[PDB]
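Residues 1136 to 1180 (UniProt numbering) make up the first sequence, in order. Where is the CB? At the ideal position from N, CA and C, for every residue including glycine. One structure below.
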Amino acid sequence: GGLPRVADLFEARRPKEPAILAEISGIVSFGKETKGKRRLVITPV
DNA sequence: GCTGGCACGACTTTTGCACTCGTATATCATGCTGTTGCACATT
């Protein structure tokens, strides 16, 4: 809020927690071999 | 006859010369780059 945001909007700064998006067909894939790294690897065919 | 500005032979001044020894901070906000640590595929 406030208006360190007309500045924040125009510089198009990436926020702290971006929301992920998807592609044409998001079939159920959950995560294959979800190791200690980033888990829930979604692989929509 | 009286006087007042011009040149000459000593003196005096300048100049290249280039040559060496010789007290402090405490604005954040952001973006970019570099180093190191760690997960994943390989023979």
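Looking only at its chain, what residues have a beta carbon closer than 8 Å to the beta carbon of residue 1182, apart from the 5 residues adjacent to it on each side? The displayed coordinates of the chain run from 1136 to 1180. Any statement about residue 1182 would go beyond what the structure contains.
Helix or strand or just coil, what does DSSP make of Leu1144? By one-based count along the first sequence, residue 1144 stands at place 9. Residue state, collapsed to three classes: helix.
Out of curiosity, what's the CA-to-CA distance linking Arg1149 and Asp1143? Taking the first sequence and counting its residues from 1, one reaches residue 1149 at position 14. Taking the first sequence and counting its residues from 1, one reaches residue 1143 at position 8. Cα to Cα, the separation comes out at about 9 Å.
Sub-9 Å separation of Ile1155 and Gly1166 beta-carbons: Walking along the first sequence from the start, residue 1155 turns up at place 20. Walking along the first sequence from the start, residue 1166 turns up at place 31. Going by C-beta atoms, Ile1155 is not nearer than 9 Å to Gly1166.
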